[PDB]
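Quick heads-up: it's one chain on its own, the form deposited in one PDB entry, in structure tokens.
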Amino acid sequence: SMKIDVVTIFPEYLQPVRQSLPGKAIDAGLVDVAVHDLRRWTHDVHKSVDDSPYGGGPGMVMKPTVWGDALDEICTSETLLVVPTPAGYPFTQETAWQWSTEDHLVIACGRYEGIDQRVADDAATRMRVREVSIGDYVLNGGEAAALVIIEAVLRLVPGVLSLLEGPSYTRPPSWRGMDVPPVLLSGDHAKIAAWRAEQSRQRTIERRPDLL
């Protein structure tokens, strides 16, 4: 049973996952995903969420006063506050497993140059805060990363949704001049396992030598 709150200036972006949820898991009270528009907590008529960085430079920084108010309302001491950022600790499958047993995740989607650092610093004095990167590239905002995180975590929550894996094949046995490797149709399951292991080894060497 997990509650996920997402805070973003683009709430419509998160509507796919809101619809990716089986009705059964919602009605069983296994999962709830709520999305909140950050501008609800702006306090000027122009609904400002960012401002120029101290120390100069191009880019805008999201205002601590706005985020502070939002997190104050949404978070509790039990919350795991997740902040996607290219400067974060690596988000991996191990991370997803760990977070899959959390009761309350709040994902704070930043944009532009990022969120004023005091927001996370302040939050960290009364809840668990995790700045995480989903990969070594740069996006415009945290929303796509939030989708990845939500999907990776929730698919590990029962009933809600190393080497590289080798190739897989299904019907038909012959297609556009290409046959399924005959070993897979051999009925020798020890030999099939060894073939797949070697395929995995070769693919890992070729594509991800870092994993060795």
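Note that the rigid core is defined as the largest set of C-alphas that superpose within 1.5 Å between two forms. When you see a residue number, it is the position in the sequence shown, counting from 1.
One more form of this protein should be noted, the form deposited in another entry, which is absent from this view; the next part is about it.
Query - Rigid-core-referenced C-alpha movement of 2 Å or more between this form and the one not shown, selected from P172, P167, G29, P182 - result: None of the others reach 2 Å, which leaves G29.
Query raised in the report: After the core is matched up, is the C-alpha of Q199 off by 2 Å or more between this form and the one not shown?
Result: Not so; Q199 is displaced by less than 2 Å.
Query - Outcome for the Cα pair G23, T8 in that other deposited form, compared with this form (closer or farther; change of 3 Å or more) - result: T8 and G23 sit closer together in that other deposited form.
Report task. Have a look at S20 and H36: in that other deposited form, are their Cα atoms closer together or farther apart than in this form, given the change is 3 Å or more? Result -> They are farther apart; the C-alpha distance rises by 3 Å or more in that other deposited form.
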